[PDB]
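J.: Attaching a single structure in structure tokens format; questions to follow.
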Amino acid sequence: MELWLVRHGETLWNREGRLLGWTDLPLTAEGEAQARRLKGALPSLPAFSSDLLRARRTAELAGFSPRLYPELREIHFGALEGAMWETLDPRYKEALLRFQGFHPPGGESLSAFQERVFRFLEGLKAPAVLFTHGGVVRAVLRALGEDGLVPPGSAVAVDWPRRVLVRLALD
């Protein structure tokens with residue numbers, strides 16, 4: 001199934017390097033600019049989006065009217081919400097780097113996050129554009145055997161659950 005996954009535009013925490021999960025931050029001026037550039041670059045397909053502000057706003061500025069699904073939200077970092085990557089305990093840094101064995105207090109485990117994301121993708125019956133988060137795109141790319149890091153406001157199209165089709169970044 002052709003699916004286009006879009007990483008929302010940047011927020012202040014991108015430059016600051018803080019774990020951004022369910023904390024509902026707004027896009028920055030540049031973030032909104034990134035979203036606008038996506039308009040006309042994404043296919044005209046049914047759209048879905050994380051219900052968090054930054055994702056919804058990206059979808060809007062990209063020219064879509066998506067149906068909201070919390071299942072497309074970034075992982076819930078719990079007590080680690082807002083933590084600077086830099087100061088993150090080695091055990092947590094490693095878990096996030098290797099994308100495994102991560103269960104922050106008061107948050108969501110990486111295994112539960114993957115289950116949530118993949119269950120949502122499984123339910124899609126036809127091609128669609130998904131406005132989501134870095135961790136979601138990462139989970140998908142990693143499951144397809146590729147490096148999952150993509151720039152804010154960029155997109156990736158995949159043939160789920162078989163392969164990556166294209167990565168699109170705009171300047």
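Labels used: A, B, ... for chains in the order of the structure tokens, numbers from 1 for residues in each chain, and numbers from 1 for ligands as shown.
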Hey, what's within 7 Å of residue A:45 if we count only C-alpha atoms and toss same-chain stuff fewer than 2 positions away? As a list in words, please?

T.: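 The residues satisfying every condition are residues 43, 47, 127, 128 and 129 of chain A.
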
J.: Could you dump the residues just selected with N, CA and C atoms as a PDB file, in the first residue's frame?

T.:
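The result, written out as out23.pdb:
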ATOM      1  N   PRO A  43       0.914  14.074  -2.993  1.00  0.00           N
ATOM      2  CA  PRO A  43      -0.186  13.604  -3.838  1.00  0.00           C
ATOM      3  C   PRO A  43      -1.561  13.918  -3.250  1.00  0.00           C
ATOM      4  N   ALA A  47      -6.268  12.014   3.563  1.00  0.00           N
ATOM      5  CA  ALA A  47      -5.245  12.331   4.554  1.00  0.00           C
ATOM      6  C   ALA A  47      -5.642  12.043   5.994  1.00  0.00           C
ATOM      7  N   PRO A 127      -4.327   3.925  -0.489  1.00  0.00           N
ATOM      8  CA  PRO A 127      -3.273   4.944  -0.411  1.00  0.00           C
ATOM      9  C   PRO A 127      -3.726   6.201   0.321  1.00  0.00           C
ATOM     10  N   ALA A 128      -2.827   6.757   1.128  1.00  0.00           N
ATOM     11  CA  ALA A 128      -3.130   7.947   1.913  1.00  0.00           C
ATOM     12  C   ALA A 128      -1.873   8.720   2.295  1.00  0.00           C
ATOM     13  N   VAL A 129      -2.064   9.969   2.718  1.00  0.00           N
ATOM     14  CA  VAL A 129      -0.972  10.818   3.174  1.00  0.00           C
ATOM     15  C   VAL A 129      -1.174  10.893   4.688  1.00  0.00           C
TER      16      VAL A 129
END

J.: Pull the helix (DSSP H, G or I) assignments for chain A out of DSSP run on the backbone, and list those residues as a PyMOL selection string.

T.: chain A and resi 12-16+29-38+53-61+70-72+78-80+85-87+90-97+110-122+134-143

J.: Could you name the residues that touch residue A:56 at 12 Å or less, counting only C-alpha atoms, but leaving out those on the same chain fewer than 2 positions away, as a ChimeraX atom specification?

T.: /A:6-9,24-27,32,35,47-54,58-70,72-73,130-133

J.: Which residue is closest to residue A:46? Choose from A:139, A:96, A:3, A:84 and count only C-alpha atoms.

T.: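 Nearest to residue A:46: A:3.
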
J.: Excluding residue A:142 and any residue of its chain fewer than 5 positions from it, enumerate the residues within 12 Å of it, using only C-alpha atoms, and give them as a PDB file with N, CA and C atoms, in the first residue's frame.

T.:
ATOM      1  N   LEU A  97      18.710   5.098  20.569  1.00  0.00           N
ATOM      2  CA  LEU A  97      19.601   4.926  19.427  1.00  0.00           C
ATOM      3  C   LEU A  97      19.357   3.581  18.751  1.00  0.00           C
ATOM      4  N   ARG A  98      19.318   2.516  19.547  1.00  0.00           N
ATOM      5  CA  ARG A  98      19.100   1.181  19.005  1.00  0.00           C
ATOM      6  C   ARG A  98      17.612   0.894  18.794  1.00  0.00           C
ATOM      7  N   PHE A  99      16.773   1.848  19.196  1.00  0.00           N
ATOM      8  CA  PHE A  99      15.321   1.748  19.044  1.00  0.00           C
ATOM      9  C   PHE A  99      14.757   0.472  19.662  1.00  0.00           C
ATOM     10  N   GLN A 100      15.095   0.217  20.924  1.00  0.00           N
ATOM     11  CA  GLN A 100      14.626  -0.981  21.617  1.00  0.00           C
ATOM     12  C   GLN A 100      14.762  -0.850  23.132  1.00  0.00           C
ATOM     13  N   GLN A 114       5.337   1.017  18.758  1.00  0.00           N
ATOM     14  CA  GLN A 114       5.366   0.326  17.470  1.00  0.00           C
ATOM     15  C   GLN A 114       4.040  -0.383  17.215  1.00  0.00           C
ATOM     16  N   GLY A 134       8.491  12.499  13.814  1.00  0.00           N
ATOM     17  CA  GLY A 134       9.777  11.878  13.541  1.00  0.00           C
ATOM     18  C   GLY A 134       9.896  10.441  14.014  1.00  0.00           C
ATOM     19  N   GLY A 135       9.422  10.172  15.224  1.00  0.00           N
ATOM     20  CA  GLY A 135       9.493   8.829  15.760  1.00  0.00           C
ATOM     21  C   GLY A 135       8.637   7.841  14.993  1.00  0.00           C
ATOM     22  N   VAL A 136       7.510   8.309  14.458  1.00  0.00           N
ATOM     23  CA  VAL A 136       6.618   7.438  13.694  1.00  0.00           C
ATOM     24  C   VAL A 136       7.288   7.104  12.364  1.00  0.00           C
ATOM     25  N   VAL A 137       7.821   8.125  11.702  1.00  0.00           N
ATOM     26  CA  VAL A 137       8.498   7.906  10.433  1.00  0.00           C
ATOM     27  C   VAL A 137       9.679   6.980  10.694  1.00  0.00           C
ATOM     28  N   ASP A 147      17.623   3.653   7.545  1.00  0.00           N
ATOM     29  CA  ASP A 147      17.836   4.656   8.580  1.00  0.00           C
ATOM     30  C   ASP A 147      16.551   5.467   8.606  1.00  0.00           C
ATOM     31  N   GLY A 148      15.986   5.656   9.793  1.00  0.00           N
ATOM     32  CA  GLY A 148      14.724   6.366   9.898  1.00  0.00           C
ATOM     33  C   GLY A 148      14.713   7.860  10.144  1.00  0.00           C
ATOM     34  N   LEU A 149      15.874   8.502  10.127  1.00  0.00           N
ATOM     35  CA  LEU A 149      15.929   9.941  10.368  1.00  0.00           C
ATOM     36  C   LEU A 149      15.624  10.767   9.112  1.00  0.00           C
ATOM     37  N   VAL A 150      14.644  11.663   9.213  1.00  0.00           N
ATOM     38  CA  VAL A 150      14.280  12.539   8.098  1.00  0.00           C
ATOM     39  C   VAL A 150      14.105  13.951   8.653  1.00  0.00           C
ATOM     40  N   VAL A 158       6.223   5.093   1.011  1.00  0.00           N
ATOM     41  CA  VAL A 158       6.604   3.705   1.134  1.00  0.00           C
ATOM     42  C   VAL A 158       5.526   2.788   0.574  1.00  0.00           C
ATOM     43  N   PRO A 161       3.742  -3.169   3.667  1.00  0.00           N
ATOM     44  CA  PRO A 161       4.934  -3.154   4.521  1.00  0.00           C
ATOM     45  C   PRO A 161       6.186  -3.756   3.826  1.00  0.00           C
ATOM     46  N   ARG A 162       6.505  -3.300   2.586  1.00  0.00           N
ATOM     47  CA  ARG A 162       7.565  -3.970   1.817  1.00  0.00           C
ATOM     48  C   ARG A 162       8.813  -3.103   1.593  1.00  0.00           C
ATOM     49  N   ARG A 163       8.666  -1.848   1.182  1.00  0.00           N
ATOM     50  CA  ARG A 163       9.853  -1.048   0.893  1.00  0.00           C
ATOM     51  C   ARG A 163       9.618   0.449   0.852  1.00  0.00           C
ATOM     52  N   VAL A 164      10.715   1.195   0.900  1.00  0.00           N
ATOM     53  CA  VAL A 164      10.665   2.647   0.827  1.00  0.00           C
ATOM     54  C   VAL A 164      10.665   2.987  -0.660  1.00  0.00           C
TER      55      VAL A 164
END

J.: Hey, what does DSSP flag as strand (DSSP E) within stretch 29-112 of chain A? Can you give it to me as number ranges by chain?

T.: A: 47-49, 67-68

J.: Next, dump the selected residues to file, keeping only N, CA, C and O atoms, as a CSV table (one decimal), in the first residue's frame.

T.:
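Contents of the output file out37.csv:
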chain,number,residue,atom,x,y,z
A,47,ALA,N,-6.3,12.0,3.6
A,47,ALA,CA,-5.2,12.3,4.6
A,47,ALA,C,-5.6,12.0,6.0
A,47,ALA,O,-6.8,12.2,6.4
A,48,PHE,N,-4.6,11.7,6.8
A,48,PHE,CA,-4.8,11.4,8.2
A,48,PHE,C,-3.7,12.1,8.9
A,48,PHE,O,-2.7,12.4,8.4
A,49,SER,N,-4.0,12.4,10.2
A,49,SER,CA,-3.0,13.2,10.9
A,49,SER,C,-3.1,12.9,12.4
A,49,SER,O,-4.1,12.6,13.0
A,67,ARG,N,-8.4,13.4,8.7
A,67,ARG,CA,-9.1,12.9,9.8
A,67,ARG,C,-8.1,12.6,11.0
A,67,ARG,O,-7.0,12.0,10.8
A,68,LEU,N,-8.4,13.1,12.2
A,68,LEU,CA,-7.4,13.0,13.3
A,68,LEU,C,-7.5,11.7,13.9
A,68,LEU,O,-8.5,11.1,14.2

J.: Can you measure atom CA of residue A:156 to atom CA of residue A:168 for me? One decimal in Å is fine.

T.: 5.9 Å

J.: How far is it from atom CA of residue A:42 to atom CA of residue A:169, in Å with one decimal?

T.: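 Computing the Euclidean distance for atom CA of residue A:42 and atom CA of residue A:169 yields 11.4 Å.
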